[PDB]
Amino acid sequence: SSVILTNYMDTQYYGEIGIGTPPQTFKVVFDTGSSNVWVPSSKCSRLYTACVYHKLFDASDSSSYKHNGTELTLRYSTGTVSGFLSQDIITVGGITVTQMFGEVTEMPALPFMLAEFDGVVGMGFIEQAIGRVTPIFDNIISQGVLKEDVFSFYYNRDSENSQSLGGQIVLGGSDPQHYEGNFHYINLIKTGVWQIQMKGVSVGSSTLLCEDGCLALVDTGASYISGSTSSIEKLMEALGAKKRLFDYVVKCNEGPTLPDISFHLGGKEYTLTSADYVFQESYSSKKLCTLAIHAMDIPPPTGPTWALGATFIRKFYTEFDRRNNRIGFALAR
Ligand SMILES: CCc1nc(N)nc(NCCc2ccccc2)c1-c1ccc2c(c1)N(CCCOC)CCC2
Ligand SMILES: *[C@@H]1O[C@H](CO)[C@@H](O)[C@H](O)[C@H]1NC(C)=O
């Protein structure tokens, strides 16, 4: 099965799912960086303006709803949501599965008012599931219908004309229509986390970063490519970028000349051009241009670690192999 994704400003990729009977529709981000499922609850106080601006799940309108009530709190590096667990039938591109999900009742203005999606569908391992809830992919596999224990992501470059698919997730395999050459794999350090070993990071002609090695979390739920404050400060200085409150910037006119940045994964250099990592929205020297690379300190056990989000997946079609506990990259097309 495949799910069509919408690309919002190159920073948010989401698709649709259906919950309950009759189906209640929701926009959600398929996130390899988390393992739980959640959507806003009709029980979310309207005092949370974020709940006033999103689709809310009303249990009392679903004849397939199954109460639970256990509380849970999901924490992402940029925000937190809280609520309780509920069960109901979820639709994901043709596939129908009974699933346990979080009904959020506390959804902070910052950052969820800036969220185009309503909720999230974790594609991570059960080892990372808050409340030990079975992840939706695990449940789908238990039906022995998928041809393979894998799923793939394609994130298209933002488009200005509503006629190009924003992105696509394939449950069961990959789609040769969106990648060329063949895959190249790197094995997961440990099962339970979509994190792999990264041999090094280079900016231009000098492997100045992540020498000796470092970790890389492959996060489909992350807008950018991120590293530890230390690492980024070092990377950014080599680019001549000035730090701000939430990002790094360069004079727009300097963007096109910025050097390449390479990530050494499993004996294969993955290279990005400045066009790949800077939001070139002008060529003026009198204006600042943001970079799609941020600093983000991720705490143990997962971190410290780099994160390969949307900025990296736009360029490289990604396959998440569960059966073999490896990740595969190929040139996006
Ligand atoms: C999909 C949920 C999610 N999962 C994971 N693993 N990390 C997140 N941020 C931690 C990583 C991160 C760092 C810096 C900026 C954005 C995300 C977020 C998360 C949380 C809040 C918001 C997000 C993303 N977005 C971006 C959606 C991404 O779609 C592909 C915009 C609205 C507010
Ligand atoms: C919620 O689901 C979990 C999963 O097994 C179960 O152990 C728990 O008892 C349920 N809570 C209630 C009261 O239904």
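All chain A residue numbers match Swiss-Prot; in order, they span 74-406.
Method on record in the header is X-ray crystallography, 2.5 Å.
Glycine is no exception: its Cβ is also placed from the backbone N, Cα and C atoms.
Swiss-Prot lists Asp104, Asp292 with the feature active site, giving experimental evidence as the kind of evidence. Marked as disulfide bond by Swiss-Prot on the basis of experimental evidence: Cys117-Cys124, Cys283-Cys287, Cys325-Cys362. For 86-403, the entry in Swiss-Prot reads domain 'Peptidase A1', with the evidence type sequence analysis. Residues or ranges marked as N-linked glycosylation site in Swiss-Prot: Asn141.
All features noted in Swiss-Prot, drawn onto the structure.
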| residue | record | contacts (Cβ under 8 Å, 6+ apart) |
| --- | --- | --- |
| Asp104 | active site | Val193, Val194, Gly195, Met196, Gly197, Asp292, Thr293, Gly294 |
| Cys117 | disulfide bond | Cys124, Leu129, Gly156, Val177, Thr178, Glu179, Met180 |
| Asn141 | N-linked glycosylation site | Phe157, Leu158, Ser159, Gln160, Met173 |
| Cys283 | disulfide bond | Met271, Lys272, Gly273, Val274, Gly300, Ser304, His337, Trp379 |
| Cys287 | disulfide bond | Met271, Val274, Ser304, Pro377, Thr378, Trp379 |
| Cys325 | disulfide bond | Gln353, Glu354, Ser355, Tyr356, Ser357, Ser358, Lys360, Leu361, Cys362 |
Inset, instruction - Would you mind sorting out which recorded positions among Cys117, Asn141, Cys362 put a C-beta under 6 angstroms from ligand 1? - result: none
Inset, instruction - Taking ligand 2 as the reference, state which of the recorded positions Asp104, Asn141, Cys287 have a Cβ closer than 6 Å to one of its atoms. - result: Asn141
Inset, instruction - Report, as a single number, how many Cβ atoms besides its own are within 10 Å of the Cβ of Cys124 (disulfide bond). - result: 23
